[PDB]
Protein chains: 4
Amino acid sequence: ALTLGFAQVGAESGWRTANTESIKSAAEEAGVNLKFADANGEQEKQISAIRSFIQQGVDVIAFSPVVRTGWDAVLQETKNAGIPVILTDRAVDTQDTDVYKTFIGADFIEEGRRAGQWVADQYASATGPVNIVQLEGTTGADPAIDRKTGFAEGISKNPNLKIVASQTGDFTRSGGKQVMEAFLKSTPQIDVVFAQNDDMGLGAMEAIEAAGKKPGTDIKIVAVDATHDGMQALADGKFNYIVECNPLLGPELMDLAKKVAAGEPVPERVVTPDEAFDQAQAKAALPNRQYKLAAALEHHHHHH
Amino acid sequence: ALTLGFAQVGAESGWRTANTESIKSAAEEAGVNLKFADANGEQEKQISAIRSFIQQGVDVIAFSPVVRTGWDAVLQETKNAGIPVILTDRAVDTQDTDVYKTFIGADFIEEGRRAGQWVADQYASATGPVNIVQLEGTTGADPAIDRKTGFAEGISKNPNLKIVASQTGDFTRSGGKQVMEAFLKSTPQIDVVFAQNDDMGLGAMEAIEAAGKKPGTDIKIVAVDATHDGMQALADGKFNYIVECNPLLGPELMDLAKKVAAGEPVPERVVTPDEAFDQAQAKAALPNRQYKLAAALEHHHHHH
Amino acid sequence: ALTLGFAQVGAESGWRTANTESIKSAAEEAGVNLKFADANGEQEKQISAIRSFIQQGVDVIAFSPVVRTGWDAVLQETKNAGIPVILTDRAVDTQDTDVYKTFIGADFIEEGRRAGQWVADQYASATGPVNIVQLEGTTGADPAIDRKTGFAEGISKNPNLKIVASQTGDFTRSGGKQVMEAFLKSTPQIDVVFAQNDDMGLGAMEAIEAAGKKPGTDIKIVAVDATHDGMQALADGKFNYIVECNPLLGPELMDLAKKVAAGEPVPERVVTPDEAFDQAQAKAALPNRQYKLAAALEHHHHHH
Amino acid sequence: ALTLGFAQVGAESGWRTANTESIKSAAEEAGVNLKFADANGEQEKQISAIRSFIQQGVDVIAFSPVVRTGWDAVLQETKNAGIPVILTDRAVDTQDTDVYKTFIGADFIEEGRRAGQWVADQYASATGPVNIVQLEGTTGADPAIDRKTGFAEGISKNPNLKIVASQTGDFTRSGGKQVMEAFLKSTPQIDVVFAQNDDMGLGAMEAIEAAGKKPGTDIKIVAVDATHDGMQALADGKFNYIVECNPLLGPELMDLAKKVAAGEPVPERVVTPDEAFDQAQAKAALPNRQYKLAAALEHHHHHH
Ligand SMILES: C[C@@H](O)[C@@H]1O[C@@H](O)[C@H](O)[C@H]1O
Ligand SMILES: C[C@@H](O)[C@@H]1O[C@@H](O)[C@H](O)[C@H]1O
Ligand SMILES: C[C@@H](O)[C@@H]1O[C@@H](O)[C@H](O)[C@H]1O
Ligand SMILES: C[C@@H](O)[C@@H]1O[C@@H](O)[C@H](O)[C@H]1O
Ligand SMILES: [Zn+2]
Ligand SMILES: [Zn+2]
Ligand SMILES: [Zn+2]
Ligand SMILES: [Zn+2]
Ligand SMILES: [Zn+2]
Ligand SMILES: [Zn+2]
Ligand SMILES: [Zn+2]
Ligand SMILES: [Zn+2]
Ligand SMILES: [Zn+2]
Ligand SMILES: [Zn+2]
Ligand SMILES: [Zn+2]
Ligand SMILES: [Zn+2]
Ligand SMILES: [Zn+2]
Ligand SMILES: [Zn+2]
Ligand SMILES: [Zn+2]
Ligand SMILES: [Zn+2]
Ligand SMILES: [Zn+2]
Ligand SMILES: [Zn+2]
Ligand SMILES: [Zn+2]
Ligand SMILES: [Zn+2]
Ligand SMILES: [Zn+2]
Ligand SMILES: [Zn+2]
Ligand SMILES: [Zn+2]
Ligand SMILES: [Zn+2]
Ligand SMILES: [Zn+2]
Ligand SMILES: [Zn+2]
């Protein structure tokens, strides 16, 4: 039977631990002998997992690139070993191809854009300036850059909206906590927080709590992911809006791995769907969430 | 309160009546004064419904064009009355600009492509020629033309697969029945039927039964829509593969109608998701179909 | 000075070589460093030409897509290199946004419609059925699909006219010849031939001659392009009707290449005019054809 | 043989006398018994010509509406007499239809837009304000309103450009002369003149001459039509840019009249092509102009 090697980022994230369960249990039903790597968020241990996959004679290799740059070498290596690659979740910035067989992930630019468009459509009648603080993702990672851009454009057509402060927090609760108290520190007027992942939004929520006033009413928070704790916080009113990012790639990852090993053809991009929730919708969405997320993913779409 | 005019094609198929239901009840519960016209499959009756919408001063107008061609005059008229137009499900082939504000529908080409690729993945080891028959949609309608193209491309890279017979059946059961009895006569070896809507496949299914062969095993059937009866046939083993086309535009149609009336900006295309089913998956998808469909639609995506 | 890359389809037809000439000499006289690739009718060779354009750092890239499908990856790549793209003559069916800056071509649907309506206006008093045979273009290319649709609609309101046989001939003389000898065998009564490019009509003309019937009077021919030899055949009475498709994009292609490179804004579609000819008009149009064609193109129109 | 009644505006214009020759001589070759009316630019004498056409038993009636409003009565009258109507050159603003069989004219909005886009692309680096004066067409006529709008949008994206003064001049030389000396009078800084027809541009040219400084260098003129004297003035350098409007409808008017009488079907809109000239291009365009214009019109396009 099939043997798949997967080189995962780390466990910075509730999304990432969800995603890791999806890959582990997905391999476990698909009948796939999975060999699984956690690079603790650092690129070179991921590349070493890759080389040890080539070095084991894996039939397929798949990973999610921590950040975009610096994979040419190891991708040409699997290139030459005869190892198909399947990209998951995050993109790589490479300039020679047939280095991999497909890329399955969300469209982060549009996640940012619909967060930005929510912000813009709330403050559509703000008489004066309305002040945005951005908790940014691990500098260099596909999602941080794309959500960066997309949210920028989403707020781009209401001139009252501008981002007063925005700096990186490594997609973490403690990161969001930390940068959120730095911005509590310097910025004196903060209306909305945009958290590139809702773990950082939860940390920032604690920082606002600690300063003594109320996430969800005084400072509004908008975040990306739709994690369990994200959604419970949104339902409780301490977030305002959350845009879904669907971590349950496991199963279509296994389908794709089988098709790429067997030499069946597979589409060049697979995009996972998203929706967004306000408070009420989140409180409706929680029941039987993992089932609903799996149906959501079965509704992915291809780019040909 | 808002008053919206909708000029529906007709009731040729279970998909169309599903969609008509979703629009009537969506207007009913978003609070919208709906004025609804049923053109009985005739373009000239749709156009005259539209003209009478203009003559009533409806605040938003929306329709689904029977065929791509011949709307120039009436769309310039709605432009010149100042009535925002929203397109639903089917495209128009127009030579004027900003004559409608957005278009919410499925990606018909990709539905055809995913059916054609199912045929290709089944007959990947076909010893000799494999004979496909195509039941085509209302000649002139967006979905028929696109589904033809996509299915053509999906089988396009397995030379054993060839479409020997292909003719229109007007998206109706009786049409598919009739064209299928003609195909049983003319073509002496029939391996697969590709039914552009699964209503025509149900007609063809009856024709196969009557002729003394067994649908789903002697002649395989692949179809588009995933209507109620489509899915029942698929679960009973009498179809082989169905690609979903999601009729429940009602609610997002109302969202868009409100914001274009209010002059809010809305994305220029809204694409409704799709999934495909084999027999087993068909039996699982049936249980809370209307709820699941509505969730699929809440996972749509924009083109901006 | 400016350097432009153009990836042409191939040389399947007199129209295509006409167009290739117009591009080479237009670049030569607008002062443009042209790098020109001939893909011999194969998509994968066009894509690789494009990738090598990126690898050369060309300032603008332009091509004409063999078929609508399968450019997602390479167009996102040109996007990500920052190379403006200009589409010429044939459309792409893409699921991404602003991946090209403008599209300059003819209106293929209307060419098909004007041929179909000529057939309809000729056989308006046909006593009984009138039998049409269609020679179809490269399955998958914009012009073939559109011309099919338009011709379908043009005959669509005279029930005597019916297309009994329709099959692809790859826009080549030998293709039309071959498919026409097949049509002479299978269909026993043939009144009209609709040749999606008049190269396939010249092939069919030879097939009619060889079979012992007289093109232009026994079997009538209607075709699209108005190539040199098309028009000669039309004037000799061996064709009956030709619709023009104007190959001389060279010069306006250079205009657009310069302004998109300079970052000037340019309209999103540029449509090249068409006219149709009977025998007499064919004999008049021949004399200063290249000059007249160039004037027709200077009368193009924009969609903004 | 056929009898056609045509109700022409008047003779305010070099374009209109050209157009009138086109209709008279076009009828004379097509074999059409034309009965021709000149309303001296005033609506009620045109409507009286119409009634006398109905009152004569004409087989077809065609006109060009001086201005958009006030034709409902007489169009319902020919409506009920059984007289097909063909619109030429100018549109009517009516709200009940099948009152006429087609409308053949130029797209005035785009004529204005490409004049505005020429202006905008010259003053692309103007360090400070650049000041536009508009000579407007007969208030109420399709072309005046549309060119109004189109030119507005063409200048719309260079903020240095604004129209300091713009008022009506009845599409006349004396009108342009008159309004041009009124604006010589009030506006103290005038860089460019936009003349909605180049007869008014010629009058304004004389007014500038008379004040003692130089059309074409100090005040630039841009006009619409491409009349004989317009083009000679542009070639002489006293205009800067002229956008073609093609008056030679005669022949396609006769084709359409025959098809509408015989009950053949005709497309619902016919759009006549345009190009624009700078000095050099005008000096190239003049030789054999009437022939070139006729070829231009044979390149019209339909809206279906
Ligand atoms: C979408 C993924 O790339 C992101 O990675 C995780 O660390 C974050 O929680 C997710 O948003
Ligand atoms: C996609 C829709 O336009 C189609 O219309 C109905 O007639 C068919 O069942 C659907 O597939
Ligand atoms: C319109 C063009 O794409 C077509 O390409 C050539 O192969 C044919 O002759 C033309 O009609
Ligand atoms: C286009 C026509 O409507 C206009 O009428 C004439 O008076 C002007 O010279 C033309 O521009
Ligand atoms: Zn949990
Ligand atoms: Zn979801
Ligand atoms: Zn696909
Ligand atoms: Zn898929
Ligand atoms: Zn109901
Ligand atoms: Zn139009
Ligand atoms: Zn057009
Ligand atoms: Zn047009
Ligand atoms: Zn479409
Ligand atoms: Zn049912
Ligand atoms: Zn579904
Ligand atoms: Zn969006
Ligand atoms: Zn939406
Ligand atoms: Zn040459
Ligand atoms: Zn894409
Ligand atoms: Zn899409
Ligand atoms: Zn997409
Ligand atoms: Zn097209
Ligand atoms: Zn030649
Ligand atoms: Zn021509
Ligand atoms: Zn333009
Ligand atoms: Zn142009
Ligand atoms: Zn003259
Ligand atoms: Zn011209
Ligand atoms: Zn036409
Ligand atoms: Zn015409």
Side-chain angles (χ1 to χ4, degrees), chain A residues 107 110-111 113-115 117-118 121 154 243-244 273-277 281, chain B residues 69-80 86 92-100 102-105 249 251-260 264-273 296-304, chain C residues 107 110-111 113-115 117-118 121 154 241 243-244 271 273-277 281 301 303, chain D residues 86-87 91 101-110 146 249 251-260 264-273 296-304:
Chain A
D107 158 44
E110 172 69 44
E111 302 175 352
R113 171 184 291 102
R114 195 157 40 152
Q117 183 93 60
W118 183 83
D121 290 83
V243 171
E244 212 176 38
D274 316 329
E275 41 162 336
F277 316 97
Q281 297 170 154
Chain B
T69 296
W71 309 98
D72 184 57
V74 73
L75 276 177
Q76 211 62 12
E77 295 184 7
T78 62
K79 204 158 83 68
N80 290 354
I86 309 192
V92 311
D93 220 309
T94 183
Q95 299 84 16
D96 282 302
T97 325
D98 302 359
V99 277
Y100 64 69
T102 188
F103 177 35
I104 181 171
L249 317 183
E252 198 66 29
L253 172 43
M254 304 305 128
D255 273 335
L256 305 172
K258 278 170 188 180
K259 32 185 72 184
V260 310
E264 268 163 329
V266 298
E268 286 190 344
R269 203 185 170 203
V270 180
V271 186
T272 71
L297 195 97
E298 313 218 13
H299 286 83
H300 69 252
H301 84 266
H302 313 146
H303 294 167
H304 286 269
Chain C
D107 180 350
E110 169 76 350
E111 297 170 356
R113 182 178 300 120
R114 227 194 310 189
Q117 179 76 55
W118 183 85
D121 277 348
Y241 198 63
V243 181
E244 208 177 51
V271 186
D274 300 330
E275 48 161 333
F277 303 102
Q281 314 182 287
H301 84 266
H303 294 167
Chain D
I86 292 178
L87 266 84
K101 304 305 209 155
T102 192
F103 175 43
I104 175 162
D107 158 44
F108 303 133
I109 309 168
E110 172 69 44
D146 273 329
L249 313 179
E252 198 63 26
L253 179 59
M254 302 308 118
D255 259 317
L256 284 183
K258 281 177 181 170
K259 281 189 167 23
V260 177
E264 271 106 310
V266 298
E268 289 183 358
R269 202 179 174 198
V270 186
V271 194
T272 56
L297 199 84
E298 270 166 336
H299 280 85
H300 68 263
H301 86 274
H302 311 163
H303 285 174
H304 301 274

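The sequence lines fix the lettering, A, B, ..., with proteins before strands; numbering per chain opens at 1. FYI, side chains are in, hydrogens and waters are out, and symmetry mates aren't considered; it's all heavy atoms of this structure. We count ligands from 1, going down the list as the structure has it; atoms in each ligand are counted the same way.
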Of all the N, O or S atoms in D/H303, the one nearest to the Zn ion (ligand 10) is ND1

Which residues share a salt bridge (charged side-chain N to carboxylate O under 4.0 Å, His left out) with C/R114, sequence neighbours left out: none

Taking every heavy atom of A/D121 against every heavy atom of B/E264, the minimum-distance pair comes out as OD2-OE2, 4.2 Å

Any idea which N/O/S atom from B/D72 gets closest to the Zn ion (ligand 10)? OD1

Could you identify the N, O or S atom of B/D96 positioned closest to the Zn ion (ligand 10)? OD2

Any N/O/S atom, backbone or side chain, of B/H301 lying under 2.8 Å from the Zn ion (ligand 17)? no

Side chain D/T272, main chain D/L297, donor-acceptor under 3.5 Å: no

Is the distance from the Zn ion (ligand 30) to the nearest N/O/S atom of D/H302 under 2.8 Å? yes

For the pair A/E275 (side chain) and A/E244 (backbone), establish whether a donor and an acceptor sit closer than 3.5 Å, ignoring hydrogens and angles. no

Would you say C/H301 and D/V271 make side-chain contact, with heavy atoms under 4.5 Å? no

